[PDB]
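Visitor:
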RNA sequence: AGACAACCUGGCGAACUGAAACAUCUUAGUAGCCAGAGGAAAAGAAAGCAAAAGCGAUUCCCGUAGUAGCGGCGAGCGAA
RNA sequence: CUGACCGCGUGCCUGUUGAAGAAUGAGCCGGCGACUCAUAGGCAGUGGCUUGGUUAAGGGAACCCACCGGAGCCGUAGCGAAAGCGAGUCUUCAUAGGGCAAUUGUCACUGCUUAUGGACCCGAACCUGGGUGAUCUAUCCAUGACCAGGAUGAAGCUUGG
RNA sequence: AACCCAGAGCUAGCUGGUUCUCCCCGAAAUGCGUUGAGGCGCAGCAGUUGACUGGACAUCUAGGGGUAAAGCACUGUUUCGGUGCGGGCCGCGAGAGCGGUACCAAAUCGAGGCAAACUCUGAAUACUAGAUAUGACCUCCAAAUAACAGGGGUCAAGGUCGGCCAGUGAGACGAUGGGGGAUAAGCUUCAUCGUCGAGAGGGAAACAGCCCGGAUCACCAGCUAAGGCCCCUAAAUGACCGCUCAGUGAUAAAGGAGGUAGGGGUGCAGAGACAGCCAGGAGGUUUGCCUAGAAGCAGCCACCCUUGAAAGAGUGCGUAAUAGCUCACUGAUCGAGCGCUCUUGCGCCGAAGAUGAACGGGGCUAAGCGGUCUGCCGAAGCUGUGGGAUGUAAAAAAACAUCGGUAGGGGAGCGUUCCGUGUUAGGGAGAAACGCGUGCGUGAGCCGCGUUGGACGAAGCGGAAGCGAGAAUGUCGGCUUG
RNA sequence: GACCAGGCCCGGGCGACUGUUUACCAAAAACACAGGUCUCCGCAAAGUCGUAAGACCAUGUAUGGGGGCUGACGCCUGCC
RNA sequence: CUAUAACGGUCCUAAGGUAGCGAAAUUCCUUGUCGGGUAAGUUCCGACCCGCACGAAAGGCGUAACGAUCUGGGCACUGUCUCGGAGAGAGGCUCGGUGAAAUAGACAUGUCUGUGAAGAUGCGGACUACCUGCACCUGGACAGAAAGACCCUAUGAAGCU
RNA sequence: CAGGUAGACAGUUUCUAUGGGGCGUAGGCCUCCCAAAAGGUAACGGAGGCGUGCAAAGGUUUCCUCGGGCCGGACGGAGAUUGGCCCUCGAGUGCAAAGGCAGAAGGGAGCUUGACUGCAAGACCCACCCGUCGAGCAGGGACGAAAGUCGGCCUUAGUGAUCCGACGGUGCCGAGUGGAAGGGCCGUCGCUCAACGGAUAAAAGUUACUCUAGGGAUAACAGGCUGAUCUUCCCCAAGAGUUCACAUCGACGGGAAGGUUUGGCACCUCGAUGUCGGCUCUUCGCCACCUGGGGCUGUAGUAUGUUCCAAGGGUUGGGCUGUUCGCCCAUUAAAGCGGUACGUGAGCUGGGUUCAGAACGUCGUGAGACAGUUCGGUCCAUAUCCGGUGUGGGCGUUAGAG
RNA sequence: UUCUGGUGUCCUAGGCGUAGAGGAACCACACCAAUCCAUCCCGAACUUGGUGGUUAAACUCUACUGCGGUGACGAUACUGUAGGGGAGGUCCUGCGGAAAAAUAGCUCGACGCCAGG
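Protein chains in written order, with the deposited numbering: chain X, 66 to 165; chain h, 48 to 93.
#1: Measure the CB-CB distance between residue 139 (chain X) and residue 120 (chain X) and report whether it falls below 9 Å.
#2: Can you tell me where the beta strand (DSSP E) with residue 115 (chain X) in it begins and where it stops?
#3: Roughly how many whole angstroms lie between the Cα atoms of residue 55 (chain h) and residue 49 (chain h)?
#4: On the CB-based measure, 16 or more other CB atoms within 10 Å of its CB, does residue 106 (chain X) come out buried or exposed?
#5: Would you check if the stretch 117-135 of chain X and the stretch 143-152 of chain X touch, i.e. whether three or more CB-CB distances between them fall below 8 Å?
#6: Quick check on residue 72 (chain h): does DSSP put it in helix, strand or coil?
#7: Helix, strand or coil: which one does DSSP assign to residue 122 (chain X)?
#8: Roughly how many whole angstroms lie between the Cα atoms of residue 154 (chain X) and residue 165 (chain X)?
#9: Does the distance from the CB of residue 77 (chain X) to the CB of residue 97 (chain X) come in under 9 Å?
#10: Could you give the residue range of the beta strand (DSSP E) that holds residue 138 (chain X)?
#11: Which partner residues of residue 92 (chain h) appear in the DSSP bridge assignment?
#12: Distance, Cα to Cα, residue 75 (chain X) vs residue 51 (chain h)?
#13: Could you tell me which residues DSSP puts in a beta bridge with residue 108 (chain X)?
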């Protein structure tokens with residue numbers, strides 16, 4: 066009598082938001098059709114998935130007024146560090162180990 | 048009928064004591080003069 | 001010619017159960033009943049096992065091995 | 001020791017989202033009454049030994065046992081279904097590329113837990129084998145016994161035909 | 001489908017039971033699969049242990065999404081008017097034509113909405129990813145005097161992998177966004193949080209799921225939170241500003257209202273008002289029709305003009321209808337505050353049940369509700385003083401930081417019968433059951449202390465268990481209640 | 001004349017009748033029965049019991065035996 | 001006349017209910033209509049018929065007799081009733097003797113309302129009530145009795161097909 | 001020994017969800033909404049599809065791109081071939097929807113088989129089992145002048161573990177040795193195993209003759225929440241009432257209280273809360289039937305009709321049914337509606353329903369069955385306590401008594 | 001160093017309408033024939049080979065706001081937290097975030113690059 070209730074439950078998000086770290090080969094978008102087109106350093110897939118070719122960063126931007134045009138970049142900078150806490154924790158591991 | 052009634056838990060929110068006059072909600076306790084400190088209370092010296 | 005605690009040999013031989021049901025299988029050839037006999041019985045002197053090397057009638061304990069294998073290749077059974 | 005009077009305080013266990021519960025259970029008292037053992041796998045604590053650890057069955061002037069008993073097991077080489085090759089091997093035309101390797105203890109005692117056993121204790125209706133049952137009752141068989149008292153009045157038989 | 005004995009202590013994913021102390025940590029009631037959904041396997045959330053770690057909290061910035069809201073570009077519906085295409089109808093006439101109809105309808109335009117499966121747009125949060133700091137205390141050294149930076153020592157705190165092992169798998173309500181239902185349920189179903197579950201205490205009269213709040217202990221000490229200050233119960237029947245007269249103050253609507261304090265607009269008030277007493281209050285005309293009659297007053301049409309201070313083809317009653325009566329309107333005296341209007345606050349009626357006032361009671365006109373300022377009460381919270389315990393940690397301390405807790409996990413202990421040390425120490429000046437000792441312990445329990453009887457047996461360091469009971473409609477015995 | 005000692009009619013349904021049946025909640029229209037039909041059996045029958053010997057059947061013998069349904073009596077017992 | 005169809009056409013099966021009976025131990029709707037009975041009768045008897053779903057040896061229809069059968073109306077007879085009452089016996093009641101029972105957490109065991117696992121002597125507020133016997137009634141203590149027999153579940157048991 | 005063959009006899013099965021069970025539907029995958037702007041998400045919540053198809057609808061190298069309006073040309077018709085203007089990707093894309101795509105993934109051509117072998121860093125999802133994408137390398141090719149693209153199809157459904165068997169190919173084992181049987185291994189194929197994580201290769205019912213273990217986790221009676229329904233009300237009123245809305249009835253719609261009908265949930269109670277109707281005995285509520293007083297009346301009076309205060313009282317006897325306005329008879333002032341676990345079974349009957357027998361109609365081949373009918377069918381009790389009716393005793397009443 | 005077309009890339013996106021200006025060079029059409037080729041029919045396209053006439057078309061350049069695109073601030077919705085009101089449907093304050101819509105407006109893009117006269 067109900068007839069109804071047959072939903073699939075599939076999942077298809079954006080996997081790596083703008084300005085995350087893209088491994089090589091990692092998937093940027095798993096999509097149904099082509100919302101975001103491939104820009105440069107990304108490859109389309111069989112089912113329009115968009116995956117990173119080289120490590121770097123993902124940049125969502127319009128490739129036309131309407132289109133997303135996802136892209137990737139090397140993005141390597143900042144070697145410099147400023148955190149005391151990490152050094153402190155490491156220092157404690159050793160001091161306590163020595164004490165005990 | 049056609050109007051529901053308010054039961055346990057539900058009854059409480061309608062009918063618990065609320066202090067619904069902005070004024071008394073506001074208030075704060077007396078403070079005091081700082082009461083400068085007090086001596087010791089014990090001494091072996093004897 | 002009757003008797004027997006348990007052990008033993010023979011004949012007949014279940015089921016609840018395990019398989020999360022159940023018909024192959026497992027409990028199990030157990031229980032029980034019948035028939036003999038002994039202080040022990042049954043087995044036993046090779047038409048055996050082996051493997052290019054050797055053994056040497058049976059019967060038990062260890063160990064190979066919970067291995068090889070068998071199995072609705074399931075539960076499980078399991079040698080030499 | 002007893003308690004004038006005041007205040008606070010909706011038995012206990014099981015079990016539930018939720019019980020003082022008008023859900024369960026128990027009359028009271030005292031006892032009896034529930035995760036045990038065997039052997040094995042794994043892990044931890046402790047100890048012995050180690051460029052190895054350990055013995056089992058079996059002996060031992062009983063049983064325990066000092067000593068003996070090295071057969072056996074564990075740790076030493078992997079990869080492969082297998083032949084095989086071996087610090088490598090399988091997959092392949094190939095390093096290519098990848099997978100897995102390129103190393104480790106052991107024995108025992110004491111706990112935990114798993115496995116097979118009735119396996120924490122109590123409780124079924126039931127199943128199957130063997131035997132005892134017809135003095136009750138249900139048919140039958142043999143052989144006995146019983147059925148007051150009255151009423152009606154058939155067929156046959158006999159007469160007026 | 002007998003009865004007894006045996007396999008048989010059958011099996012039971014089902015019910016009931018599971019005993020001595022303390023200490024630390026302490027959940028879930030979700031998904032998935034299941035002949036599966038009042039089971040079980042894995043994950044998810046405990047314990048405990050080993051590494052590698054880096055955080056967690058706050059702040060800020062990026063990145064994607066289409067939700068809330070909005071919108072009519074899309075799709076689907078949607079009203080009002082425009083436009084007229086084209087069609088039907090009258091017929092003329094034996095072809096389609098100009099047209100006409102208060103005509104039916106297709107595209108369009110203007111105005112106008114609506115939608116979980118509509119979007120040209122589109123937040124806040126959430127999420128993911130980055131950097132940015134600094135928490136709590138100390139001891140300090142040098143200060144006039146602080147502060148802080150200067151170090152040194154602590155303490156507190158996140159995770160991601162593993163090992164050994166659990167319990168859990170129908171949660172409940174409240175807040176929000178929703179489905180189903182009847183925008184009914186203390187209903188059901190999911191998403192994000194809180195409490196209960198597993199959590200005490202005070203407020204709520206009583207009252208898991210609401211508010212404050214988190215229980216290591218002692219204290220015949222204090223300050224507060226939520227809530228409160230007339231009596232029962234602690235604390236002002238305390239201040240001033242207002243508002244209610246129903247016992248409202250404790251419960252429900254549409255609707256009704258010259259209740260009541262105010263406010264927002266409106267005109268009138270010596271070319272004097274609403275009060276009342278008053279006077280006047282029409283000619284055409286019986287408006288035309290209809291009707292027996294319609295003459296203001298059955299009904300309908302015209303619905304004006306004249307006169308004047310003023311009269312509407314008459315406001316109502318009434319008459320067969322007329323007439324009659326009276327309104328509107330208009331002048332005089334008395335005399336200058338009265339209409340209208342919507343809403344604010346508190347109230348009244350609407351608002352009625354079955355044992356007896358049900359709302360804490362006594363009561364109250366403030367001891368009710370609206371507003372501000374001061375004092376107080378108020379908890380197991382915070383303070384003060386003094387003990388205990390865990391780790392942090394490895395040693396005397398001392399110092400911090402914690403110490404609710406069911407299922408459950410880990411640590412440390414007591415006790416009982418028996419064995420090794422023993423034919424022990426001790427013991428007929430007397431072994432154990434009963435009691436005085438708040439002696440002693442955090443506690444399970446231990447020391448002593450006594451009796452008519454009266455025979456055995458500790459302590460210490462160790463070992464084993466038929467080892468700890470109020471829960472099984474347990475079970476054996478003795479006893480009661482009725 | 002105390003004790004003892006039939007209440008009776010009118011109309012229905014079901015069962016023809018007397019009888020038997022749930023020992024301890026059902027005495028009935030349920031079962032049975034006299035009768036009816038069907039069908040099987042030739043005598044070392046069919047049927048039943050027993051693994052087998054064999055025993056009922058039957059020391060009977062086709063108007064006799066076993067089985068199924070309907071249940072006096074009256075008229076009947078359709079079609080596929 | 002109007003109706004009801006004596007009689008016809010269609011798919012159908014293997015054929016399409018014969019005789020009797022009929023709202024029936026079978027008719028649901030349904031106390032079906034009508035007649036008799038009754039003062040009034042959903043029961044009852046006789047009929048009609050659209051037999052929801054009667055029907056010919058799971059026999060049809062009817063029958064005299066018989067029934068501790070079911071069913072309706074009668075006459076006689078009465079405490080069945082109107083509407084109770086008195087009486088005798090045995091118990092009850094009191095005294096002497098012997099002397100159980102099931103149940104039982106402990107009970108120092110009020111009413112009304114309110115609350116609460118949403119129907120409390122055990123909680124809150126108010127009212128009410130000297131303590132304790134004996135006889136009497138049974139509204140509560142979700143009173144006793146049997147781990148419900150209805151409902152569901154169990155990869156329960158058993159019987160029959 | 002073999003084939004057939006009586007449930008005569010045996011051994012067993014017969015699913016779960018299911019806002020109680022049964023009946024009905026459903027069981028796997030895909031897409032959209034609920035899904036709360038990452039993911040994920042539940043409901044017998046709302047819409048649909050799939051269990052394929054294609055030797056090309058695949059692969060490449062190229063070229064152009066649809067529609068729906070209007071205008072032209074005979075029938076040609078509203079809509080078919082042929083030329084000119086707006087266009088938002090409104091066309092299509094094999095089949096459902098969503099996202100996509102107009103240098104196209106739309107259409108058409110040219111050649112071709114890459115819908116190859118050996119693979120693969122890393123990711124996504126993530127209880128596991130599964131599943132999805134993949135830069136890049138080697139061989140050997142297609143297309144293309146070359147760059148380059150090509151290991152299936154615009155993407156998401158078109159599919160199912162293991163065991164077992166089957167076929168083709170093997171420079172692997174082959175139980176003394178050589179063989180072989182057989183097996184291994186690689187490529188594959190075989191189940192609407194659809195209940196789609198599939199208990200076996202192979203299994204339906206019924207129990208009212210029942211029975212055990214459990215459950216108020218889930219029912220029926222009753223209590224509670226909720227009032228959809230039901231009772232009683234109030235608002236607006238179009239009208240009707242000769243005229244006249246409100247003497248009286250009040251269409252169309254609206255707002256409430258009740259808690260007793262039918263229901264919804266399923267919270268207590270399955271180690272048990274004994275049902276319908278009568279008897280006896282209560283007691284309470286009102287929104288009132290009758291008696292007491294009153295308005296208004298389309299009240300002459302007598303009757304009334306309606307409302308208002310009123311629960312003090314009253315509220316018959318019968319015929320039919322097991323059956324409270326279901327009802328005819330005769331009255332009567334009237335002959336009420338209710339609550340009290342549809343009051344009252346430790347007070348009573350057992351006519352009904354829920355026991356075992358039996359039969360009728362019907363369903364089922366059958367055992368049996370029907371919230372259809374019909375005839376029969378032991379409803380147990382010496383009050384502990386509260387409650388109530390009676391009656392006492394002690395004691396209080398302050399000296400003791402009548 | 002302007003100008004001429006040659007290619008491209010950030011993007012407010014860039015355009016259609018009305019206007020103009022462009023021929024010495026460049027660009028493009030009219031013209032001409034046909035091997036390679038090509039038109040499923042056609043040199044329409046595509047092709048090779050010629051004439052080399054206009055700027056008409058197309059392109060380029062400068063204006064325009066009539067359309068198209070764009071788009072505010074403010075305010076308000078809504079929402080985080082902390083609370084409250086209402087028998088409910090749902091409403092309201094405190095601190096934090098904050099629009100869509102409309103209107104005013106804002107644009108007829110900004111840079112490179114090479115061969116030139």
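Backbone N, C-alpha and C define an ideal beta-carbon position, used for all residues, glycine too.
Guide: Per the coordinate set shown:
#1: yes
#2: 115-117
#3: 20 Å
#4: Its Cβ being crowded by 16 or more others within 10 Å, residue 106 (chain X) is buried.
#5: no
#6: helix
#7: strand
#8: 16 Å
#9: Taking 9 Å as the cut-off, the Cβ atoms of residue 77 (chain X) and residue 97 (chain X) count as close.
#10: 136-138
#11: None, per the DSSP bridge assignment.
#12: 42 Å
#13: X:116
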